[PDB]
Amino acid sequence: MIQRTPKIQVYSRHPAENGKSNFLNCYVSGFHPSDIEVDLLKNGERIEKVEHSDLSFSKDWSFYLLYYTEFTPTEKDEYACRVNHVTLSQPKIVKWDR
Amino acid sequence: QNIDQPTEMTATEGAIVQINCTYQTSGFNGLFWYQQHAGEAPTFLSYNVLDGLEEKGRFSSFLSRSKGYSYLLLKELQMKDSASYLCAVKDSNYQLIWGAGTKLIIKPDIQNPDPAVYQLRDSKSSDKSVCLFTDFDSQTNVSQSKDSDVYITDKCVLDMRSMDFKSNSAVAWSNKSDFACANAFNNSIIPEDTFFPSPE
Amino acid sequence: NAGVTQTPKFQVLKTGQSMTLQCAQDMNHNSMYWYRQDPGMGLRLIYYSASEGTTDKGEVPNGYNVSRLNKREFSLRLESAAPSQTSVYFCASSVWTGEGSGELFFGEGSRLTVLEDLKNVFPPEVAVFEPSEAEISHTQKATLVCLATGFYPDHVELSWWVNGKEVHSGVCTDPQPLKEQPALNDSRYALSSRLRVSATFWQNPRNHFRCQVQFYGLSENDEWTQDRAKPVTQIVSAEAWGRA
Amino acid sequence: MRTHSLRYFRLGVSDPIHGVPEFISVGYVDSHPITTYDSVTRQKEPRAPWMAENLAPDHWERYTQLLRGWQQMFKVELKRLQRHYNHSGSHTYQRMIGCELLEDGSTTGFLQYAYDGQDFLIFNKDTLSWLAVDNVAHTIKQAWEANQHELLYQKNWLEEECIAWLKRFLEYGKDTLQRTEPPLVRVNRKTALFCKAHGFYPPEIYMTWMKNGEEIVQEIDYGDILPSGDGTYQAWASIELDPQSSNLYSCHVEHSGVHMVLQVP
Ligand SMILES: COC(=O)CCNC(=O)c1cc(=O)[nH]c(=O)[nH]1
């Protein structure tokens with residue numbers, strides 16, 4: 001049985017500029033099977049009001065999801081996305097890089 | 001959405017008949033033909049969803065999606081083909097739209113016509129006099145009675161299997177005094193050579 | 001391997017009476033349907049069950065309810081019978097509903113007649129008429145005629161019995177009954193049937209002929225208030241013996 | 001009109017986690033979900049506003065009944081597959097059917113199944129046959145190919161019905177599906193040159209790097225086309241800079257019939 005690990009990409013909706021409102025996106029794709037847990041992190045803490053699209057289906061039978069939250073990028077604040085999947089021994093954290 | 005097929009069709013034994021069905025539907029997922037003998041359940045005959053002609057024994061079914069039309073073709077007609085033929089189309093929502101059905105009537109090939117009108121024997125338990133018009137050719141039509149106290153049934157085809165023999169017949173009866181078999185079928189156009197045996 | 005089995009075959013009802021039609025299929029199908037068939041139009045779906053545990057209205061659900069009891073059974077209910085519900089009801093089934101090319105398998109049909117009052121329900125008079133001697137000498141065949149007359153509604157089954165065995169060969173029964181008064185909407189019916197045998201067979205004095213008409217009418221619970229006999233479901237017959 | 005497609009997915013899970021649905025079905029016009037159904041809600045619902053606005057509740061009632069039946073069929077089929085694989089535990093069964101209406105007026109149609117996320121059966125509507133990947137699929141193929149009428153029904157649905165549904169949905173949502181939002185493209189250094197586009201619709205876009213007028217695909221790093229969350233998309237492509245020699249690198253972006261060139265000074 002072939003299980004496929006999620007690809008995790010973190011990015012902002014618009015080109016980010018400090019002190020300007022934006023959206024932090026975590027796009028999780030290419031995984032199989034469908035059960036998955038995703039969290040957006042602020043300085044290592046889970047953000048409470050995080051929204052996500054419905055599970056989506058790709059032609060190659062894998063799945064994808066978009067988790068997002070509204071935020072304002074500041075110089076000192078660091079953001080990340082934490083994903084857990086049956087193909088992962090421990091949650092994989094991917095930090096927002098810009 | 002509607003389905004259209006002729007109400008009735010009449011053909012002769014051994015011939016070929018084509019029953020048409022035209023449809024205007026919201027989408028198309030296939031056309032069905034069913035056979036329904038009188039008083040019995042419809043049974044599946046054929047299914048067409050692509051264009052062309054599909055054969056199944058003596059029966060073949062044709063479909064043209066662009067013209068929205070199909071026909072059921074019956075070759076070498078036999079008396080057992082007498083039935084109603086129902087066409088039905090599956091629309092885009094997989095709902096069946098049923099046509100009203102075509103009643104197919106088959107005229108037997110009468111080999112040796114011997115048209116005659118006979119008086120049956122009275123029954124001691126009945127006040128009726130009964131007359132039988134029988135053995136006429138299939139072109140003959142039997143008209144209903146124009147007398148309110150005379151009863152006349154339509155023609156019926158019986159088959160004597162052991163002798164491989166078929167014949168048409170119709171029955172007339174009444175209890176009025178002026179009723180006689182010589183005049184029972186006067187409202188019908190009967191063969192000129194019809195045999196009327198002498199009364200007793 | 002009974003296919004689709006529905007009951008009853010005939011039923012007369014008074015306006016406002018309740019009635020349940022049964023239907024079972026032993027083909028392990030998932031989809032089941034209830035249709036009504038009326039003269040001059042195509043089958044109309046009343047209710048259907050695409051799979052066990054779900055039902056939905058058809059084209060004409062008003063006045064009816066259904067219950068998909070299990071995978072096999074799908075009953076149709078008429079709580080308050082109306083004259084417009086006089087029809088022939090057909091239950092059907094298919095392997096699946098979403099199957100594109102799947103055909104329907106139909107039951108034998110249930111004929112229902114709903115009447116404002118049962119005072120116009122009559123069993124048939126049955127009489128047998130022996131063959132014409134002129135026919136025998138002219139054709140060497142002998143046609144017996146059976147007349148079933150004065151019955152209402154048209155819920156009858158006519159059969160011929162020769163020497164205790166039912167026969168079908170040589171038999172022709174009118175495919176449709178005759179209205180004895182064609183103008184009246186509630187006219188009683190007549191039905192004719194013929195049995196034709198060889199002259200040799202008719203001339204055996206021990207050959208016995210019987211025409212039998214099963215009539216489907218009232219039952220115990222139907223109230224009856226008329227002076228004449230209660231027209232219950234019954235068999236009426238008449239007989240003849242061969243003549244040397 | 002650009003190329004457009006309609007497709008419906010089904011997902012079945014044999015031993016699902018207590019919260020997870022046993023069956024899910026979602027339809028898409030090109031990248032937009034249009035409909036959804038699952039074994040928990042037991043209802044087929046719109047997932048696009050222009051779908052809900054143009055389809056009466058009668059439509060959703062009918063297809064809710066169909067999906068409930070298709071749900072039971074899917075469970076029966078998955079049970080047969082897992083028994084014949086002799087597999088224990090939880091396993092997935094998937095289906096995808098759909099069609100494309102190309103820019104030049106040609107059409108395509110497709111139908112295939114997957115077990116545990118791998119191709120299982122693939123329909124060929126030209127030869128009217130099923131391609132089986134293993135002998136469990138081979139057994140299913142022989143049973144399905146014995147029902148020739150169902151194969152013909154599937155050919156007709158792919159070539160005629162699917163295309164008619166797609167044209168109908170394209171008109172319903174033309175304000176969304178047929179609009180064009182051009183990309184905003186920029187270049188920066190992070191050594192590699194990064195060509196970045198954002199704010200564009202439709203998601204189809206071609207980004208590449210040219211070196212002195214020649215394109216070296218092996219040297220280019222292509223990023224994914226990602227949803228921004230507002231209905232527009234973003235993408236990027238990068239190429240590594242030669243530290244020992246100067247070259248003329250230029251980004252090329254193609255989107256919806258318009259070509260862009262960003263020459264790096
Ligand atoms: C075998 O025939 C089909 O497959 C008919 C086309 N499918 C659908 O109409 C459909 C709708 C939906 O919501 N989900 C799904 O999987 N299929």
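A note on names: the letters A, B, ... follow the listed sequences, proteins ahead of strands, and every chain is numbered from 1. We count ligands from 1, going down the list as the structure has it; atoms in each ligand are counted the same way. Side-chain atoms are counted along with the backbone in the values below, which use heavy atoms only and exclude waters and symmetry mates.
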For this session: Could you name each residue pair satisfying salt bridge (charged side-chain N to carboxylate O under 4.0 Å, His left out) that touches residues 54-72 of chain D, not counting sequence neighbours?
Result: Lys57(C)-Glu61(D)
Problem set entry | Of all pairs that satisfy salt bridge (charged side-chain N to carboxylate O under 4.0 Å, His left out), the ones with a partner from residues 147-157 of chain D, not counting sequence neighbours |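 Passing the test, one end in residues 147-157 of chain D: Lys155(D)-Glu159(D).
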Problem set entry | Selection residues 81-142 of chain D - residue pairs positive for disulfide (SG to SG under 2.5 Å), sequence neighbours left out | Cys99(D)-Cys162(D)
Exercise. With no hydrogens and no angle check, is any side-chain donor or acceptor of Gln234(D) less than 3.5 Å from a backbone partner on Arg13(A)?
Worked result: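 Side chain of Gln234(D) to backbone of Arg13(A), a donor-acceptor pair under 3.5 Å: yes, one is there.
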Problem set entry | Backbone of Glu22(D) reached by a side-chain donor or acceptor of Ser39(D) within 3.5 Å |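 Here the side-chain-to-backbone pair exists.
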Report each N/O pair between ligand 1 and the protein that falls under 3.5 Å, naming both atoms.
| residue | atom | partner | partner atom | Å |
| --- | --- | --- | --- | --- |
| ligand 1 | 2 (O) | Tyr153(D) | OH | 2.6 |
| ligand 1 | 4 (O) | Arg95(D) | NH1 | 3.0 |
| ligand 1 | 4 (O) | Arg95(D) | NH2 | 2.9 |
| ligand 1 | 13 (O) | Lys44(D) | NZ | 3.1 |
| ligand 1 | 14 (N) | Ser25(D) | OG | 2.8 |
| ligand 1 | 16 (O) | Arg10(D) | NE | 2.6 |
| ligand 1 | 16 (O) | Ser25(D) | OG | 3.3 |
| ligand 1 | 17 (N) | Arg10(D) | NH2 | 3.3 |

Exercise. Does NZ or CZ of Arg7(D) come closer than 6.0 Å to the centre of the six-membered ring of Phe110(D), within 45° of the ring's axis?
Worked result: no
